[PDB]
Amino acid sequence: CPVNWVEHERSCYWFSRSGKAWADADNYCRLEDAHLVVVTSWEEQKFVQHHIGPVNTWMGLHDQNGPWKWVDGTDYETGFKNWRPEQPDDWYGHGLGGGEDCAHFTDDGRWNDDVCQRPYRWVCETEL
C-alpha cells in the first residue's frame, strides 16, 4: 500500500479528511488508480466504519444509470447490502432536482442513497 493508505485484508484504503461531490470523489480515486470503496462483507463494513467514525461518507455504489451498480463491476444483487431501514428511497423532497442516486455510509454505518452533488468525505480502495 502507498504511504498514508491503510492495509486491510488484501486491500489498501485511503480515508479523506475533506468533502467532494460523488463524481469528483469518484474521479479523485481514479487518479490514484483506485476506486471508491466497494464493500462486500460485514468484516469490511466494520473496518471502514471504524476508520470513518459517525460521518456521512461516499462509497462506490450508485444508480445514476438505472440499476444499482458498484464502481468496479462487483454485482449488486448477489452482493453484500447494509442499507438503513427505509433506504434506499430515491427521495425527491430535497427539492434540488432528481431523486437520490449515490450511496453513502451514514452516522451509524448503514447506507443511505443521497443527492450526488452533496459534498461528503469519501474512501478510496485498491486491491493488492
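A residue's number is simply how far along the shown sequence it sits, counting from 1.
- Higher mean CA temperature factor, per the PDB entry, when comparing 66-74 with 26-34: 26-34.
- Across the two stretches, 111-119 and 11-19, the PDB entry reports the greater mean Cα temperature factor for 11-19.
- Split the chain's modelled residues into thirds by C-alpha temperature factor. Residue 101 is in the lowest one.
- Residue-level temperature factors show residue 86 in the highest third of its chain, judged at the C-alpha atom.
- Residue 61 sits in the lowest third of its chain by CA B factor, as recorded in the PDB entry.
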